[PDB]
Each structure stands twice: as structure tokens, then as C-alpha cells.
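K.L.:
Mind having a look at this structure? Questions to follow.
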Amino acid sequence: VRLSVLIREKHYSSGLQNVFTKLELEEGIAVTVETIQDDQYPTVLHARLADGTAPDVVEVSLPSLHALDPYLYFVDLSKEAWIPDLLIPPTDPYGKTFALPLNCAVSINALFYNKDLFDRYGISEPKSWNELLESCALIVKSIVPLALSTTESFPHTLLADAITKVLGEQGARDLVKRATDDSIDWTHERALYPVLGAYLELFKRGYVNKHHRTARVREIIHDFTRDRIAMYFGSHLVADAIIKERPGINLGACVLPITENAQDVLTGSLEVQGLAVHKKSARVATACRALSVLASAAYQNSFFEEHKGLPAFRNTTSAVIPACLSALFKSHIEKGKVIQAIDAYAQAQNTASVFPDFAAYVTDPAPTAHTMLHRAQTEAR
Ligand SMILES: [Br-]
Ligand SMILES: [Cl-]
Ligand SMILES: [Cl-]
């Protein structure tokens with residue numbers, strides 16, 4: 040058979056090339072690839088879908104699909120036999136999967152800590168909010187307690203994680219929605235009262251430093267590898283970078299206990315790439331057959347000898363999981379217990398974010414969470 044593919048220039052890796060080469064060699068599917076310059080790809084894909092000339096398989100950005108209507112353009116893959124093998128199945132707002140993902144996640148947020156420092160000062164892995172506060176207290180008795191690094195989005199990762207967890211997958215999506223269409227009224231967001239309270243308490247006790255929050259990732263790495271930071275909350279990509287810089291460092295990773303339900307789910311970025319099937323294709327069956335082969339352990343294993351990042355599927359031997367993420371990989375990631383943090387969405391980025402810079406409201410004397418919500422709403426109007 041034949042299959043046509045549309046992909047981003049910079050995403051047409053040796054990984055995918057060899058994947059498509061195997062497909063032609065072993066499965067008798069002649070694949071023709073059409074690459075588009077990355078900054079142009081969303082424009083081009085939209086146009087080709089609109090005029091119906093789009094290739095059989097197209098690269099898409101998960102989870103939001105460039106705001107395209109998948110029920111118009113893409114095959115619903117939710118019932119394909121390989122869906123159970125996904126670690127974190129991509130979903131639209133109805134829970135349906137419209138692409139084969141190349142990774143389960145871009146970024147996982149966790150509390151990373153220096154196991155040796157914890158041992159030195161008799162600190163145990165915090166398994167609750169009070170244990171976190173106590174852990175910070177002992178560090179101050181003995185080194186910045188809880189370090190944070192700067193981002194290009196609001197709210198900061200720490201508050202984003204906590205808000206996302208209390209609201210859950212639907213609630214978090216709705217929050218981005220109403221923030222983005224400007225219908226939100228922050229004084230109605232009383233579900234956020236306790237997590238803003240927690241945030242405030244960290245500032246109050248000096249466990250997080252407002253003046254340090256603009257610290258670059260490079261600075262966190264520099265200080266962490268010199269035993270100047272006990273705990274860092276943020277992206278596992280930062281933890282990876284710490285280990286790269288100091289291979290012998292003894293790093294642990296656990297849930298940040300900042301909400302009553304923190305142990306239930308991890309947050310992160312699920313803004314991964316995927317391959318969707320063009321609904322109006324005359325070769326939909328062939329496309330679906332191809333994705334099924336691509337999803338197979340043999341192909342995933344070959345792919346991840348080249349492709350970087352976290353695996354998309356269960357039992358991808360060639361995908362390396364960082365040792366520090368080992369526990370969380372088994373407890374949460376492998377079980378799909380991950381949802382997208384509200385700061386990971388494009389709308390959240392300053393380019397002007399749809400979310401408030403809540404930390405900017407925290408001055409001396411500190412306001413209440415009620416006052417922070419009023420301030421957020423005042424800036425809205
Ligand atoms: Br914030
Ligand atoms: Cl369909
Ligand atoms: Cl940096």
C-alpha cells in the first residue's frame with residue numbers, strides 16, 4: 040500500500056525516518072513524507088485539512104490539536120488495541136484519543152531533594168503538608187529550604203501544580219477555559235482559598251524566597267550541585283540537568299504535599315507531539331494498521347534508541363528512566379496518574398498570560414487568600 044505523511048521539519052528525526060523505513064521494508068507500506076518548516080506547520084496543516092488535500096497521517100500538537108475540531112478532521116483512535124499500552128493516554132475534553140503520541144509527557148513536576156543532606160540533618164521524605172513544613176524548619180535550623191526556578195508563565199509552577207490538583211482534570215481545563223475567554227470571576231474561585239493559604243504560609247515562614255523566585259535554572263543547578271539547596275520543586279528536566287552536572291549526586295523525588303489530595307496525581311506538561319489519521323483519507327484502514335505497528339513494542343524500542351524523552355508506551359526497554367524518577371514512575375506515571383498543570387498551556391505563557402502573577406501580590410504584610418482573589422479580579426477589569 041501507500042501512505043502519505045505530513046510532519047514538522049525539526050521533528051522528522053532519524054528516529055521517525057528509520058521507523059518509516061522499517062514500515063516499508065517489513066510491512067509493505069511505502070511511506071512518503073512531506074516536511075514543513077516548523078513556524079509554518081500549523082498554518083499549512085490547517086490549510087490542507089480545509090481544502091481536503093492533507094496527507095493520510097499528520098503530526099499534531101497534543102493535547103489541544105491547534106484548536107482544530109477533531110470530529111471534523113481526525114480518526115477517533117480511542118478504541119484501538121494499543122490504547123491500553125499507553126502510559127498517559129492523550130485526551131480531548133470528552134476523553135477521546137485522536138493521535139498516537141511520541142512521548143507520555145514533556146515534563147513531570149515533583150519535589151526533588153538531596154538525600155545526603157536529608158540524612159545529615161535527620162530529615163525524612165515529607166509525606167504530608169506538615170512534614171514539608173517541618174522538613175523546611177529543620178533545614179533552617181541547620185541552605186535554602188525550598189528552591190524554585192523562574193518560568194515564562196503564570197502562575198508559577200508551584201501554585202500551578204497545587205491549583206491543578208485540587209481542581210482535577212476537568213476543573214483545571216475549565217479554569218483555563220474561563221480564564222482565556224475572560225468570563226472568570228476570581229472572587230468565586232473559593233476552591234483555591236486553601237492552596238493560596240499554603241502558598242502564603244511558605245512565604246510567611248521564609249521557606250520560599252520571593253527575591254529568589256527569578257532565579258534561572260542554571261543558577262538552581264549551580265547551587266543544588268554545591269549542596270546549597272535541600273529541596274527543589276519543578277520540572278524533572280531540571281533534576282535531569284542537576285544529575286548531568288553532578289552524576290554522583292544522591293537525588294530523591296516525591297509528591298509535593300501541598301494539597302489534601304496531592305498523592306492522587308502528578309502534574310506536568312502533556313504538550314507532546316502525536317500522529318493523527320486524516321478522517322477524509324481514502325486510506326484510513328492502512329493508516330490505522332500503520333499506527334498499530336508503530337505502537338508495537340518492537341517499534342517503540344527501536345524508536346527510543348534515538349528519540350529523547352519519556353516513553354509513550356509501557357515496556358519500552360530502550361527508554362531510560364532517571365533513577366530519581368524511578369519511584370514516581372512506578373507509582374504514578376506507569377498508571378497514568380498525571381494531568382496537565384495549568385501553566386503548561388500556551389495561554390498561560392507570557393509572550397500576556399491569562400493567569401495572574403499571584404506571587405506579586407505577596408508583600409509585607411502578607412494579604413489573605415481572599416484579598417489575593419480580589420486583587421486578581423481587580424486587575425481583570
Ligand atoms: Br504565582
Ligand atoms: Cl472517527
Ligand atoms: Cl537557565
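Throughout the sequence shown, residue numbering follows the deposited numbering, covering 40 to 181, 185 to 393, 397 to 426 in sequence.
Built from N, CA and C at the ideal position, the CB exists for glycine as well.
Using only alpha-carbon positions, find the residue among 274, 269 and 246 that is nearest to residue 257.
P.N.:
Among 274, 269 and 246, the Cα nearest to that of residue 257 belongs to 274.
K.L.:
Bridge partners for residue 249 per DSSP, in chain order?
P.N.:
Beta-bridge pairing links residue 249 to no other residue.
K.L.:
What's the gap between the Cα of residue 512 and the Cα of residue 164?
P.N.:
Residue 512 cannot be examined here, being either before or after the span of the chain that is shown, 40 to 426.
K.L.:
Taking 6 Å as the limit between beta carbons, can you name the residues of its chain near residue 77, skipping five residues before and five after?
P.N.:
Around residue 77: 47, 48 and 49.
K.L.:
Check whether the region 87-95 touches the region 314-326, counting contact only when three or more Cβ pairs, one atom from each stretch, lie closer than 8 Å.
P.N.:
Yes: at least three Cβ pairs fall under 8 Å.
K.L.:
In terms of residue numbering, what span does the beta strand (DSSP E) encompassing residue 298 cover?
P.N.:
First-last for residue 298: undefined, no H or E at that position.
K.L.:
Using 6 Å as the cut-off, classify the Cβ of residue 258 as near or not near the heavy atoms of ligand 3, replying yes or no.
P.N.:
Yes, since a heavy atom of ligand 3 falls inside the 6 Å radius drawn around the Cβ of residue 258.
K.L.:
In whole angstroms, what is the alpha-carbon distance linking residue 42 and residue 122?
P.N.:
Going from the Cα of residue 42 to the Cα of residue 122 covers about 22 Å.
K.L.:
Span of the alpha helix (DSSP H) holding residue 89?
P.N.:
80-89 is the span of the alpha helix (DSSP H), which, as asked, contains residue 89.
K.L.:
Do residue 115 and residue 135 count as a contact pair if the criterion is CB distance below 7 Å?
P.N.:
In this structure, residue 115 lies closer than 7 Å to residue 135 by Cβ.
K.L.:
In chain order, what residues of the same chain lie with their CB nearer than 6 Å to the CB of residue 51, ignoring the 5 residues before and after it?
P.N.:
If we look at residue 51 and ignore the five residues flanking it on each side, its Cβ neighbours are 74.
K.L.:
Output the distance between the C-alpha atoms of residue 118 and residue 133, rounded to the nearest integer angstrom.
P.N.:
Approximately 14 Å, taken between the alpha carbons.
K.L.:
Expressed to the nearest angstrom, what Euclidean distance is found between the alpha-carbon atoms of residue 183 and residue 348?
P.N.:
The structure shown gives no position for residue 183: in the chain, residue numbering passes from 181 to 185 with nothing in between.
K.L.:
Just to confirm, is the Cβ distance from residue 295 to residue 383 under 7 Å?
P.N.:
Contact: no.
K.L.:
Alpha carbon to alpha carbon, how far is residue 391 from residue 311? Give it in angstroms, no decimals.
P.N.:
Rounded to the nearest angstrom, the two C-alpha atoms are 13 Å apart.
K.L.:
Got a sec? Which residues, its chain only, sit under 7 Å from residue 335 by beta carbon, not counting five neighbours each side?
P.N.:
Hits under 7 Å: 62, 66 and 341.
K.L.:
What ranges does the beta strand (DSSP E) occupy inside the region 88-134, keeping only unbroken runs of at least 3 residues that lie completely in it?
P.N.:
Fully enclosed beta strand (DSSP E) runs of 3 or longer: 96-100.
K.L.:
For residue 193, which residues in the same chain have their Cβ closer than 7 Å to its Cβ, ignoring the five residues on either side in sequence?
P.N.:
So the list reads 199 and 385, once near-sequence residues are dropped.
K.L.:
Taking residue 211 as part of the alpha helix (DSSP H), name the residues at either end of that continuous run.
P.N.:
Unbroken alpha helix (DSSP H) run through residue 211: 199-222.
K.L.:
Tell me which residue opens and which closes the beta strand (DSSP E) that residue 332 is part of.
P.N.:
Premise fails: residue 332 lies in the alpha helix (DSSP H), 326-337, not in any beta strand (DSSP E).
K.L.:
Using DSSP with H/G/I as helix, E/B as strand and the rest coil, what is residue 47?
P.N.:
In the structure shown, residue 47 sits in a strand (DSSP, three-state: E or B).
K.L.:
For a test of the three-state rule: what should DSSP assign to residue 141, helix, strand or coil?
P.N.:
Three-state DSSP puts residue 141 in coil, outside helix and strand.
K.L.:
Decide if residue 207 is buried, meaning its Cβ has at least 16 other Cβ atoms within 10 Å, or exposed.
P.N.:
Answer is buried; the Cβ neighbour count reaches 16.
K.L.:
Please output, in chain order, the residues near ligand 1 using a CB cut-off of less than 7 Å to any non-hydrogen atom of the ligand.
P.N.:
Qualifying residues come out as 196, 197, 198, 201, 402, 403 and 404.
K.L.:
Would residue 215 be called buried (16 or more neighbouring beta carbons within 10 Å of its own) or exposed?
P.N.:
With 16 or more other Cβ atoms within 10 Å, it is buried.
K.L.:
Based on the DSSP output, what are the partners of residue 148 in its beta bridges?
P.N.:
Per DSSP, 277.
K.L.:
Grab me the residues of residue 205's own chain with a C-beta within less than 8 Å of its C-beta, minus the 5 sequence neighbours each way, in chain order.
P.N.:
So the qualifying residues of the chain are 197, 214, 217, 234, 237 and 384.
K.L.:
Tell me the rounded alpha-carbon separation between residue 128 and residue 409.
P.N.:
In a straight line, the C-alpha of residue 128 is about 44 Å away from that of residue 409.
K.L.:
To the nearest angstrom, how far is it from the Cα of residue 64 to the Cα of residue 71?
P.N.:
C-alpha separation (whole angstroms): 13 Å.
K.L.:
Measuring alpha carbon to alpha carbon, tell me which of 333, 241, 161 and 318 ends up nearest residue 177.
P.N.:
Measuring from the Cα of residue 177, the nearest candidate turns out to be 161.
K.L.:
Below 6 Å, is the gap between the Cβ of residue 114 and the nearest heavy atom of ligand 2?
P.N.:
Yes, Cβ of residue 114 sits closer than 6 Å to a heavy atom of ligand 2.
K.L.:
Would you list the one or two residues that DSSP bridges to residue 153?
P.N.:
In DSSP, residue 153 forms a bridge with 293.
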